[PDB]
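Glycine gets a Cβ as well: all are built from the backbone with ideal geometry, and neighbour counts include every protein chain shown. Derivation of every value follows stated rules applied to the coordinates shown; laboratory data play no part.
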Amino acid sequence: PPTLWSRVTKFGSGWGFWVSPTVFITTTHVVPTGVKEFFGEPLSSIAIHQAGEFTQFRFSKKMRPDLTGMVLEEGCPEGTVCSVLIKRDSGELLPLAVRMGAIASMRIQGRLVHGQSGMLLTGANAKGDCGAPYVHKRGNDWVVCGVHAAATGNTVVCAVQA
Ligand SMILES: *[C@@H](O)[C@@H]1CCC(=O)NCCCCC[C@@H](CCCCC)OC(=O)N[C@@H](CC(C)C)C(=O)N1
C-alpha cells in the first residue's frame, strides 16, 4: 500500500525507511559523514544504534507522525519471499522479489556485514539502491526485516539488526 512506500526516503547515497514516527533504518555505508543533524534534528537528540552495516536512528520527537509503527525483525525465516522496496528518483516504485537464505557475517569490500543472503526471483519480477527495506507480509501486516546492502548469481544481501 502507499503508506508503506511513503516510508522509503532518500538518504545519503541511498535510501532508508521509517519503521515508526521516531525510528529510521538504513545501511551504514550510505549514511552521510560529518553532518551536524539528520532531518534537521541535532545529533544530541538522536539515539544511534549501528552494527554490521545496519543503522537505526531513534529520534526524540515524532518525525513522521503520519505513520503507524510497524514490526522490525532481525532477518526473516529462511525461505521467506521478501520484496525489496526500491524507489527511483522519479518516485516510481519498483518492488523486487527475493527468496531469502541464511543469516551470516560476511566481509564485503572491507565492511563486516551482518546480513541475510537471498536470490532474486526471476519468476516474480518483470522480465544508489542501498538502504532500501526488505519487507514481507504477515496477515495484512507488513514486517521489515533488513536493508539492502550488497548485490552481485543474482544474489543480494540485506543487513539485519542484531
Ligand atoms: C549499495 O550501496 C550497493 C548495492 C549493490 C550494488 O551496487 N552492486 C553492484 C556493484 C557490485 C559490487 C560487488 C558486490 C559484491 C557483493 C556480493 C554479495 C552479494 O559488492 C557490493 O555489493 N558492495 C556493497 C557495498 C559494501 C560495503 C557492503 C554495495 O555495492 N552495495
*Sorted by Cβ density within 10 Å, fewest first, the residues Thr9, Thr122, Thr55*: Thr122, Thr9, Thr55
*asked:* Quick check of the Kirkwood formula: for the range 70-162, what is the inverse mean of 1/r over all pairs of different Cα atoms, in Å?
replied: 13.3
*Identify all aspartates and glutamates with a Cα-Cα distance to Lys137 below 16 Å; exclude those on the same chain that are fewer than 8 residues away in sequence.*
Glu73, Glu74, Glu78
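With +1 on each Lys and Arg Cβ and -1 on each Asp and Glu Cβ, how big is the dipole of the range 1-69 about its Cα centre, in debye rounded to the nearest 20? Provide the component values of the computation, followed by the final result.
Values: 7 positive and 4 negative charges, 30 e Å.
In debye, rounded to 20, the range 1-69 gives about 140.
Which whole-number percent of Cα pairs in the chain have a distance greater than 19 Å? Kindly include the intermediate steps, with their values, before the conclusion.
On the way: 6672 of 13041 pairs.
Value for the chain (Cα pairs over 19 Å): 51 percent.
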_Exposure proxy order (Cβ contacts within 10 Å, fewest to most) of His136, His49_ = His49, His136
*For the range 58-143, with only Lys/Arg (+1) and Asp/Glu (-1) charged at the beta-carbon, what is the dipole magnitude about the Cα centre, in debye rounded to 20?*
200
_Placing unit charges on C-beta atoms (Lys and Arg positive, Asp and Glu negative, everything else neutral), compute the dipole magnitude of the chain about its Cα centre in debye, rounded to 20._
120
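Cross-link list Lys36/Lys87; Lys10/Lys36; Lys61/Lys87; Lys36/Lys61: which exceed 24 angstrom alpha carbon to alpha carbon?
Details: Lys36/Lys87 26 Å; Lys10/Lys36 18 Å; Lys61/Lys87 26 Å; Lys36/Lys61 17 Å.
Distance filter (> 24 Å) returns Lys36/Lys87; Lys61/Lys87.
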*Give me the percent of DSSP beta bridges within the chain that run antiparallel, rounded to the nearest 5.*
95
